[PDB]
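For reference, the structure discussed in these notes is given below.
All Cβ positions, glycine included, derive from the backbone under ideal geometry; neighbour counts span all protein chains shown. Values quoted throughout were computed directly from the atomic coordinates according to the rules given, and no laboratory measurement underlies them.
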Amino acid sequence: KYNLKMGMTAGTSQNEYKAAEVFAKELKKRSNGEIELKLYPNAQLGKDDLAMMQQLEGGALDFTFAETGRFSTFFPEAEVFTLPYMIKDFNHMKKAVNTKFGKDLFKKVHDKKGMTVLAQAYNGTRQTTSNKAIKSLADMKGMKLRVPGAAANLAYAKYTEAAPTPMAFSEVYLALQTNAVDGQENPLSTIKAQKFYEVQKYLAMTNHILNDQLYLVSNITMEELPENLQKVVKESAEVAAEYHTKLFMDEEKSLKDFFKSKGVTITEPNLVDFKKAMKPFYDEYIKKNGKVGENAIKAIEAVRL
Ligand SMILES: CC(=O)N[C@H]1[C@H]([C@H](O)[C@H](O)CO)O[C@](O)(C(=O)O)C[C@@H]1O
């Protein structure tokens, strides 16, 4: 019997965990009990996604979650997948990772980082919450905006003239409650699941970064499994990914109504000022990655539709 482990930053209330439960359910079903997957949420295995991805390389951890743009830590050119206002929708994201650039990235992740991408899911589009109303770009000036330890999110806070305040995901609620920070930044689904709306009187539809979610498996783990069970793992992830995608999609259809009923004021500021403010980070990306970065942008821009 194969007792596998899956770690994640998301809590048990979030859609990521719900889809992971389906993943474990499919694994046990399609393997006739040979494969049993235990879930380890709330980042109880490591600091963040970066720590758990490193655990997959060593084979200590079998499965974990990761955004495609998060691979920029290992392959700098992959940051194009998480550049602010670069990805339009999930259909664009699906096609963006299926470019020659996207396919080469996953291939490099396999060859050099010991991780195999099983499936891709939609993990929501990020918005901005605050204790004060954000109706223009000037309203975010000097606010202590919490962001994850990622360059794209840090840049978004910086070029909106906010004060980038990086901290762990588990420490966000308390920080908002005690007004240590003035606001955070996450998809609507995450905002509801982690109940950030309980401590945030405002919500700005900024739509700056789209998050996908990759079902990663350790290369060592796949090597320890019979070939037919490796196919089970692949198929189980694809099933969960669809369920994963549908969860975020369904909520984003009616979550704005939910928040407004809870007394949260939802603003929809003009985003052409937001998009224009992100230009120096694009220059930053290009200067760091050179022609590789330029061609990557033009390749992903082409499949936006
Ligand atoms: C797979 C994964 O760990 N996603 C996490 C992301 C990424 O760490 C970040 O976007 C960088 O890619 O940040 C969070 O949204 C956050 O801290 O607010 C939590 C979320 O669980």
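Set the bar at 22 Å for Cα to Cα. Now go through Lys25/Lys253; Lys253/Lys276; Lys103/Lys298; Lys135/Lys287; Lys201/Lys256; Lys88/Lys253 and name every pair that lies beyond it. Those over the limit are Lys25/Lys253; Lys253/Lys276; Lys135/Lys287. Taken one residue at a time, the phi angles of segment 193-199 give Karplus couplings (6.51, -1.76, 1.60, θ = phi - 60°) of 4, 8, 6, 6, 5, 5, 10 Hz. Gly and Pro are set to x. Both radii were evaluated on the Cα set of the chain; the Rg over Rh quotient, with Rh as the Kirkwood radius, amounts to 0.97.
If only the Cβ of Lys and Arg carry +1 and only the Cβ of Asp and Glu carry -1, the dipole of the chain around its Cα centre is close to 520 debye. Gain on full extension, evaluated as 0.36 nm per residue between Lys246 and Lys1 minus their Cα-Cα distance, stands at 85.1 nm. Both radii were evaluated on the Cα set of segment 129-267; the Rg over Rh quotient, with Rh as the Kirkwood radius, amounts to 1.08. Ellipticity at 222 nm from helices only: DSSP H runs of n ≥ 4 in the chain, each -39500 (n - 2.57), divided by the residue count, give -13000 deg cm²/dmol.
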